[PDB]
């Protein structure tokens, strides 16, 4: 799943419009509820290095909130890394255009959504 397919899925399955809090980073986009304004998804374009993957290349990742007892197990899957720019005990960073399946990603997007309802 890529950057495009992601922002679209959010718009349809949640009717959420992407926000861009950072002026310096036009790409970084957050997804929150209209209720409590709580972020449940953080889309970012970052240097592969910042999350351990090598190669002088950039990557598109999304940060999702999960239950602290699942962070250890999830991070063990391929394509899931430690939370970047977010709290590591509560957040997860999923690599887009990566080995993680869109289905598995959709459910994680749901989990982060309900965890911040």
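In PDB author numbering, the protein residues as written are 1 to 117.
No residue lacks a Cβ here, since even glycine has one placed at the ideal position from N, Cα and C.
If residue 59 sits next to residue 48, beta carbons under 8 Å apart, how far is it from one beta carbon to the other, in whole angstroms? 5 Å between Cβ atoms; contact.
Could you tell me if residue 117 is buried or exposed, where buried requires 16 or more neighbouring beta carbons within 10 angstroms of its beta carbon? With fewer than 16 other Cβ atoms within 10 Å, it is exposed.
Starting from the Cα of residue 30, find the closest Cα among 75, 102, 20 and give me that residue. If we check each option's Cα against that of residue 30, 20 comes out closest.
For residue 66, does the three-state DSSP call read helix, strand or coil? DSSP places residue 66 in coil when its eight states are reduced to three.
CB-CB under 7 Å to residue 95, same chain, minus the five flanking residues each way: which ones, in chain order? Its chain contains 59, 61, 79, 81 as the residues whose beta carbon lies nearer than 7 Å to that of residue 95, once the 5 sequence neighbours on both sides are disregarded; these appear in chain order.
Where residue 9 falls: helix, strand or coil (DSSP): Three-state result, residue 9: helix.
To the nearest angstrom, how far is the alpha carbon of residue 1 from that of residue 8? If I take the Cα positions, the gap works out to 11 Å.
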